[PDB]
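Following mature numbering (1 follows the signal peptide of the UniProt record, and there is no 0) from start to finish, the sequence shown increments by one per residue and tops out at 247. Shown next, in C-alpha cells, is the structure this report addresses.
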Amino acid sequence: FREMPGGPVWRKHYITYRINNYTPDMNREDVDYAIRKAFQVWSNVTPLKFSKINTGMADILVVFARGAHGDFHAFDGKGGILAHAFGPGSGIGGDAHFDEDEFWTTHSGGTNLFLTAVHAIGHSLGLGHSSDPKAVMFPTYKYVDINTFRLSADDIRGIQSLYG
Ligand SMILES: CCCCCCCCCCCCCC(=O)OC[C@H](COP(=O)(O)OCC[N+](C)(C)C)OC(=O)CCCCCCCCCCCCC
Ligand SMILES: CCCCCCCCCCCCCC(=O)OC[C@H](COP(=O)(O)OCC[N+](C)(C)C)OC(=O)CCCCCCCCCCCCC
Ligand SMILES: CCCCCCCCCCCCCC(=O)OC[C@H](COP(=O)(O)OCC[N+](C)(C)C)OC(=O)CCCCCCCCCCCCC
Ligand SMILES: CCCCCCCCCCCCCC(=O)OC[C@H](COP(=O)(O)OCC[N+](C)(C)C)OC(=O)CCCCCCCCCCCCC
Ligand SMILES: CCCCCCCCCCCCCC(=O)OC[C@H](COP(=O)(O)OCC[N+](C)(C)C)OC(=O)CCCCCCCCCCCCC
Ligand SMILES: CCCCCCCCCCCCCC(=O)OC[C@H](COP(=O)(O)OCC[N+](C)(C)C)OC(=O)CCCCCCCCCCCCC
Ligand SMILES: CCCCCCCCCCCCCC(=O)OC[C@H](COP(=O)(O)OCC[N+](C)(C)C)OC(=O)CCCCCCCCCCCCC
Ligand SMILES: CCCCCCCCCCCCCC(=O)OC[C@H](COP(=O)(O)OCC[N+](C)(C)C)OC(=O)CCCCCCCCCCCCC
Ligand SMILES: CCCCCCCCCCCCCC(=O)OC[C@H](COP(=O)(O)OCC[N+](C)(C)C)OC(=O)CCCCCCCCCCCCC
Ligand SMILES: CCCCCCCCCCCCCC(=O)OC[C@H](COP(=O)(O)OCC[N+](C)(C)C)OC(=O)CCCCCCCCCCCCC
Ligand SMILES: CCCCCCCCCCCCCC(=O)OC[C@H](COP(=O)(O)OCC[N+](C)(C)C)OC(=O)CCCCCCCCCCCCC
Ligand SMILES: CCCCCCCCCCCCCC(=O)OC[C@H](COP(=O)(O)OCC[N+](C)(C)C)OC(=O)CCCCCCCCCCCCC
Ligand SMILES: CCCCCCCCCCCCCC(=O)OC[C@H](COP(=O)(O)OCC[N+](C)(C)C)OC(=O)CCCCCCCCCCCCC
Ligand SMILES: [Ca+2]
Ligand SMILES: [Ca+2]
Ligand SMILES: [Ca+2]
Ligand SMILES: [Zn+2]
Ligand SMILES: [Zn+2]
C-alpha cells in the first residue's frame, strides 16, 4: 500500500502550483524547468493537469525552508531527509517541502532536486510512502537524472487507486 486514510483524493482535475521561493543553490530557471517536468511525468500516469502560477492560491505549494517557517525549527541537516512533504486528510497537508540545508542541484555532484520533487508532488496528491525498494515514492535517495528517470509500478498503481 502507499495511500493515506482520511480523505486523500483532491477532487480536482486541474491542479495549479506556486513556487513560493527558490533555493539559490541552482538557477531559478533550472528549478522551474525541473519542477515543471516533475509535475508532468506524474501527469503521464494521472488524469490531472498542472499549471504554474506566480500569484494566488496554490494546491501544491513548492517551499524551501530552513529555520523559522512553521515546520520544525531544527531538523536533520545536510543529507538525510531531503524533502518531507505531507498529504491531505487530517486537516492540514498537500504541499511539497524541501529542506534548504541541502546543496540542491540537478547535477551529479549535489542533491538532485528532481526525483525527490516527483515524490513530493506524489505525497501531496494524497499518498504517504511506498514499501517497494524500486519506487520513486520510496523514502531512500540514490542518484538518477532527468533523462534516466522512471516511475515504477507502485507509484503508478497507488495514485490510480485514488485517481483512476
Ligand atoms: C574500484 C573499487 C570501487 C569501490 C567503490 C565503492 C562505492 C563507493 C561509493 C563512493 C561514494 C560515497 C557516497 C557517500 O555515501 O557519501 C556519504 C557521506 C556524504 O553523503 P551526505 O548525505 O553528505 O552525508 C551527510 C551526513 N554527514 C554530514 C553526517 C556526513 O559522507 C560520509 O558518510 C563521511 C565518510 C568518511 C569521510 C572521511 C573523509 C576524510 C576524513 C578525514 C580523515 C582523517 C584521518 C586522519
Ligand atoms: C593532464 C590532463 C590531460 C587532460 C585531462 C582532462 C580530464 C577531464 C577534464 C574534463 C573537464 C570537463 C568540463 C568540466 O570542467 O566539468 C567540470 C565538472 C563541473 O560541472 P558543474 O559543476 O556543472 O560546473 C559548474 C559551473 N557552475 C558553478 C557555473 C554552476 O566537474 C568538476 O568540476 C569536479 C571534478 C571532481 C572529480 C572527482 C574525482 C574523484 C576521484 C575519487 C577517487 C577515490 C580514490 C580513493
Ligand atoms: C560502485 C559505485 C556504484 C554506483 C551505482 C550508481 C549510483 C547512482 C549513480 C551515481 C551518480 C551518477 C551520476 C551521473 O549520472 O553523472 C553523469 C554525468 C552528469 O550527468 P548530470 O550531472 O546529471 O548532468 C547534469 C546536467 N544538467 C545540470 C544540465 C541538468 O555525465 C556526464 O557528464 C557525461 C558527459 C558526456 C559528454 C559527451 C559529449 C559528446 C562527446 C561525443 C564523443 C564521441 C563522438 C564520436
Ligand atoms: C575515460 C576516458 C575519457 C572518457 C570521457 C570522459 C568525459 C567525462 C566528462 C565529465 C564532465 C563533468 C561531469 C561531472 O560534473 O562530474 C563531476 C561530479 C560533479 O562535480 P561537481 O558538481 O563540482 O561536484 C564536485 C565534488 N564531488 C566530486 C566530490 C561531488 O561529481 C560526482 O560526484 C559525479 C561522479 C559520477 C559521474 C562522473 C561522470 C564522469 C565520469 C568520468 C570517468 C573518467 C575515468 C574515471
Ligand atoms: C587520504 C585522502 C583524504 C581522504 C580521502 C577519502 C576519499 C574517499 C572518501 C569516501 C566517502 C566520502 C563521503 C562524501 O563526502 O561523499 C561525497 C559524495 C556524496 O555526497 P553528495 O555529493 O551529496 O552525493 C552526490 C554525488 N554522487 C551522486 C556521486 C553520489 O559523493 C562523491 O563525491 C562521489 C564521487 C565519485 C567519484 C568517481 C570518479 C568520478 C570522476 C569524475 C571526473 C570529472 C573531472 C571533470
Ligand atoms: C578518477 C577520475 C579523475 C578525473 C581527473 C580529471 C581532471 C580534471 C581537472 C580539470 C577540472 C577541474 C575541476 C575542479 O576544479 O574540481 C574541483 C572539485 C571541487 O572544488 P571546490 O571548490 O570544492 O568545488 C566548489 C563548488 N561546489 C562545492 C559547488 C562543487 O574537487 C573535488 O571535487 C575533489 C577532487 C579530488 C578528489 C580526491 C578525494 C579522494 C582523494 C584520494 C587520494 C589518494 C592518494 C593516493
Ligand atoms: C553497471 C552497474 C554499476 C553498479 C554496480 C553496483 C554493485 C553493487 C550492488 C549491491 C547490491 C547489494 C544488494 C541489493 O540488492 O541492494 C539493492 C538496493 C536495495 O534493495 P533493498 O531490498 O532495499 O535491499 C534491502 C536491504 N539492504 C539495503 C540492507 C541491503 O537497491 C539499490 O541498490 C538500488 C539500485 C538502483 C540501480 C542502481 C544501479 C545498478 C545497480 C545494479 C545491481 C544489480 C545487482 C543484481
Ligand atoms: C564493487 C566494486 C565495483 C566497481 C564498479 C566501478 C564503479 C565506479 C563507479 C563510478 C561512479 C561512482 C558514483 C557513486 O557516488 O556511487 C555511489 C553509490 C550511492 O549513490 P547515491 O546513493 O546517489 O549516493 C548519494 C549519497 N547517499 C548515499 C548518502 C544517499 O553507491 C552505492 O549505491 C553502493 C555501492 C556499493 C558497491 C559495493 C557493494 C558491496 C560489495 C561487497 C563485496 C566486495 C567484494 C570486493
Ligand atoms: C579510503 C579510500 C577508499 C574508499 C572506497 C569507497 C568507500 C566508501 C565507504 C562508504 C560507502 C557508501 C556508498 C553508498 O553510497 O552507499 C549507498 C547506500 C547507503 O547510503 P547511506 O545509507 O546514506 O550510507 C551512506 C554512507 N555512510 C554509512 C557512511 C553514511 O547503500 C546502497 O545503496 C546499498 C547497495 C550496497 C549495499 C552493500 C552491502 C555491503 C555489505 C555486504 C556484505 C556481504 C557479505 C557476504
Ligand atoms: C570511475 C571508474 C571508471 C568508470 C567508467 C564509467 C563511469 C560512469 C560515470 C557516469 C555514470 C552515468 C553513466 C550513464 O549515463 O548511465 C546511463 C546510461 C544511459 O544514460 P542515458 O540514457 O545516456 O542518458 C544519460 C544522461 N546523463 C549522462 C546526464 C546521466 O545507460 C543506461 O541507462 C542503461 C543502464 C545502466 C548502465 C550504466 C552504465 C552505462 C555505461 C557508461 C560508460 C559508457 C562508455 C561508452
Ligand atoms: C557533412 C559531412 C560530415 C560527416 C560526419 C557527419 C556526422 C556523423 C555522426 C553524426 C552523429 C550525430 C549524433 C546524434 O544524433 O545527435 C543527437 C542526439 C542528441 O539529442 P539530445 O537531445 O542531445 O539527446 C538527449 C539525450 N542525451 C543527451 C543523453 C543523448 O543523440 C542521440 O540521439 C544519440 C545517438 C547515438 C548513436 C549511436 C550509434 C552507435 C555508436 C557506436 C557504434 C559502434 C560501437 C562499437
Ligand atoms: C565515461 C562517460 C560516462 C557517461 C556515459 C554516457 C553514455 C553511456 C552509454 C550507455 C549505452 C547503453 C544504453 C543506451 O542506449 O544509452 C544511449 C545514450 C543516450 O540514450 P538516449 O538519451 O535515449 O538517446 C536516444 C537515442 N538512442 C536511443 C537511439 C540512442 O547514448 C548517448 O548519449 C551517446 C553519446 C555519444 C554518442 C556517439 C555516437 C557516435 C556516432 C559516430 C560514430 C563514428 C564511428 C566511431
Ligand atoms: C563496466 C565498468 C564499470 C561501469 C560502472 C558504472 C557505475 C555507474 C552506473 C550508473 C547507473 C545510473 C543510474 C541508472 O540509470 O540506473 C539504471 C538501472 C536502475 O535499476 P531500476 O531503476 O530498477 O531500472 C531497472 C531496469 N529496467 C529499466 C529494465 C526496469 O540499473 C540497471 O538496470 C542496470 C543493471 C546492471 C546489472 C549489472 C550486473 C552485473 C553484470 C556482470 C556480468 C559479468 C559477466 C562476465
Ligand atoms: Ca496546499
Ligand atoms: Ca536534510
Ligand atoms: Ca541550501
Ligand atoms: Zn513539513
Ligand atoms: Zn523517494
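The C-beta atom is built at its ideal place from N, Cα and C for all residues, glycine as well.
{"query": "Contact set for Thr194: own chain, Cβ-Cβ below 7 Å, skip 5 residues either direction", "result": "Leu165, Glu185, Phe186, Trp187, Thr188"}
{"query": "Buried or exposed (CB count within 10 angstroms, at least 16 for buried), residue 81", "result": "Any answer about residue 81 is impossible in this case: the structure gives the chain only from 84 up to 247."}
{"query": "Top-ranked residue by Cα proximity to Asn137, from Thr199, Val114, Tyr100", "result": "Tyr100"}
{"query": "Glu185 in three-state terms, based on DSSP", "result": "coil"}
{"query": "Whole-number beta carbon distance between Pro171 and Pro222, since they are thought to touch under 8 Å", "result": "Their Cβ separation, rounded to whole angstroms, is 20 Å, which puts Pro222 and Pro171 out of contact at 8 Å."}
{"query": "Endpoints, the beta strand (DSSP E) within which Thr99 is located", "result": "97-102"}
{"query": "Beta strand (DSSP E) segment containing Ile143, residue limits", "result": "143-148"}
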